[PDB]
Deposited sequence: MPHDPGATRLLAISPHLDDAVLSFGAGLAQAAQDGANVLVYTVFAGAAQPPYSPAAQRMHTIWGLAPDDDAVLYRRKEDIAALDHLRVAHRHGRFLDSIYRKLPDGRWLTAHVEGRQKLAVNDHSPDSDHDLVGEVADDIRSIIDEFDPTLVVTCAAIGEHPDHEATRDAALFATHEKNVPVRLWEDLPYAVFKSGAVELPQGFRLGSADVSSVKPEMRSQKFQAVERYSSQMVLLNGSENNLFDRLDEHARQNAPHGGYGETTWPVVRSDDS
């Protein structure tokens, strides 16, 4: 088995699918987690980016991407899976064609810009598929509607469809604790029946320990009960006990 996980940001795959990644590695699968929006960023930073850097426990003008890449490597090494850091800039570092920052909340902009980004991400994913030759791709459902998650999900769907590789979407955590869960896929795609995994306690522990490697995100993610909320979420999906993660297969719609 060759499992390619496609994470929007540096932490999403571990937060949402860390137990599944860890189990896959345990079972002897070759597992690679490619993070789309891991692109190097340098000052000048927007005021919004400077504020986020502060929330992440960094100086406003620090190399936040460098810090997060190192966190990601530690977390993924802890799960014993490989990493690959993509070239795309996180939403807080992107500019619009007219020179404005993308984020301020997202500034009004042309769908053309969204399409162009999705196209480039899709190009990179098609190349990674050629290079890694995955038997399964898993990426985010984009529950919560973060534009980077939506771009990642849509690009992965288009790339996998063209390359004829099976794809599944994970339930975005911790977002799904606060959202309804319904998502709007690009035309022609739909979700099949959910799978709710049940993993051994060791895999829960491995996942939670890996999450902790993302120290910069802990204040943001905890709001001080992140792990309790993750446990409660799994409990609600599997009342008989045991930790797990929800994923859906993505298939072609009828008449498409």
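The deposited sequence has C-alpha coordinates everywhere except the stretches 1-7, 112-119, 239-240.
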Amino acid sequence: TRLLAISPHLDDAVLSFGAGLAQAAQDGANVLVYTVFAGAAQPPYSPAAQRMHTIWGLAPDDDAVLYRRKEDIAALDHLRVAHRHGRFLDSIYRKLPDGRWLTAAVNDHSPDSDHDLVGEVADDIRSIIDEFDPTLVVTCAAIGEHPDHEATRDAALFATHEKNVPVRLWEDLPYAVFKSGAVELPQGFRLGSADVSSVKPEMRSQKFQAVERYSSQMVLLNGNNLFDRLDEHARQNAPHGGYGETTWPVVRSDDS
From here on, numbers count along this sequence of modelled residues.
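Judged by mean Cα B factor in the deposited record, 179-187 ranks above the other of 132-140 and 179-187. Higher mean CA temperature factor between 6-14 and 19-27: 19-27, per the PDB entry. Take 174, 97, 86, 147 and read off each C-alpha B-factor from the entry; 97 has the highest.
Out of 151, 74, 105, 81, it is 105 whose C-alpha atom has the highest B-factor in the PDB entry.
Annotation for residue 200: CA B-factor lies in the highest third of the chain's modelled residues. Among all modelled residues in this chain, the alpha-carbon of residue 50 has a temperature factor (C-alpha) in the middle third.
Per the deposited record, the Cα B-factor of residue 66 falls in the middle third when ranked against the other modelled residues of its chain. When all modelled residues of the chain are sorted by CA temperature factor, residue 57 is found within the middle third. Residue-level temperature factors show residue 123 in the middle third of its chain, judged at the C-alpha atom.
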